[PDB]
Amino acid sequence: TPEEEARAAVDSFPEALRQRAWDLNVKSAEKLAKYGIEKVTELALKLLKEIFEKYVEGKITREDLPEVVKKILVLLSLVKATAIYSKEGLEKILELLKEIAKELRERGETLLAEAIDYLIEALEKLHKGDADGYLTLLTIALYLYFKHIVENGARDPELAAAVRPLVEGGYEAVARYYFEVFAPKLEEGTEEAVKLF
């Protein structure tokens, strides 16, 4: 099963590295939880809606890419804080993501919709405190996201070319990218979120 294979990929990496990623998520969540979980959730919902509305309208150009990544990093930091500390807030964020995934599927962005389904599942594992289950589902969500970029690479061929080795390398390559590149960037998202308050 995709979940079993991705999980196997996650377990092949050193425990210390996985523990670092987990500890980093929790520290970011505590930093954001200091600002009120209701406020964190409200901001998360606002940013999620903005990003989705802009995306569907095709107003994200290649020139726009650095700013959107920053907005996503903030959104993920806020959402993760909510997943750790508020079931009700989490339920609202998840409900919205399910609607977005359905809409994207109806629009034919099927891989992106699948990526979002797996993000939703990862957030539920995060809420339950399952670090390995979280990293497994997050790896699948990133893999599907990159696959979406490669299948749509006509929109940014260079970006497709950059992430293609990750797709060709499978869940192991995606997990490797996460541990070595993505997880350290979480702090960047947290800092931008702090600035918003």
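One rule holds for the numbers: they count along the sequence shown, beginning at 1.
Comparing 179-187 with 8-16, the higher mean C-alpha B-factor in the PDB entry belongs to 179-187. Two stretches are in play, 55-63 and 42-50, and the higher mean C-alpha B-factor belongs to 55-63. When the C-alpha B-factors of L138, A162, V68, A154 are ranked from the entry, the top spot goes to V68. When all modelled residues of the chain are sorted by CA temperature factor, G170 is found within the middle third. The deposited CA B-factor of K34 belongs to the highest third of values across its chain. Split the chain's modelled residues into thirds by C-alpha temperature factor. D117 is in the lowest one.
Residue-level temperature factors show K102 in the lowest third of its chain, judged at the C-alpha atom.
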